[PDB]
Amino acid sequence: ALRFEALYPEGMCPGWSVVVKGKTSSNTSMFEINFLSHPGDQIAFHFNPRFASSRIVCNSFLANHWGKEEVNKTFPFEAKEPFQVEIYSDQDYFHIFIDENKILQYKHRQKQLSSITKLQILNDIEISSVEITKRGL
């Protein structure tokens, strides 16, 4: 289920911060935040907290398939408790901060960062706020 999507045709990578605040209703479900590139809606970065297993799965969906999963055991989420996820990209990585602490970085596989124009948030997250802000200046 699509919960939120933003489109910024000039490109939201690198140099933009994305802050998502909300909470997850179920202790067994999951949500994802995807950064998509044009053309073809390829997933440059897929950030997928899985509450049933208490893992964050990250990957990219390029050339119509997933690549190698990067699985992180740092899981700063609890069902029904508000959280804040901040994502920023520089020339080389996506950086994830959760409740103000650094969690992981994900190295770019899609190098056409400026073609990343869409932010998509799916599944079990009740969104209270999305903020997208230019920082690379």
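Basically, rigid core = biggest C-alpha set you can superpose within 1.5 Å across the two forms. The numbering used is simple: start at 1 and walk along the sequence shown.
- prompt: Core-superposed in 7 other deposited structures of this protein, which stretch deviates more in Cα positions, 72-80 or 29-37?
  reply: Per-stretch check in 7 other deposited structures of this protein: the more divergent one is 72-80.
query: Taking the recorded C-alpha temperature factors, which stretch has the higher mean, 108-116 or 36-44?
result: It is 36-44.
- prompt: If you average the Cα B factors in the entry, which is higher, 97-105 or 56-64?
  reply: Mean B over CA atoms: larger for 97-105.
query: Of the three thirds of its chain by CA temperature factor, lowest, middle or highest, which one includes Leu2?
result: Highest third of the chain for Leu2's C-alpha B-factor.
query: Which third of the chain holds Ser89 when residues are ordered by C-alpha B factor: lowest, middle or highest?
result: Tercile = lowest for this residue's CA B-factor.
Ranked C-alpha temperature factor of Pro76 among modelled chain residues, by third: Answer is highest: the recorded C-alpha B-factor places it there.
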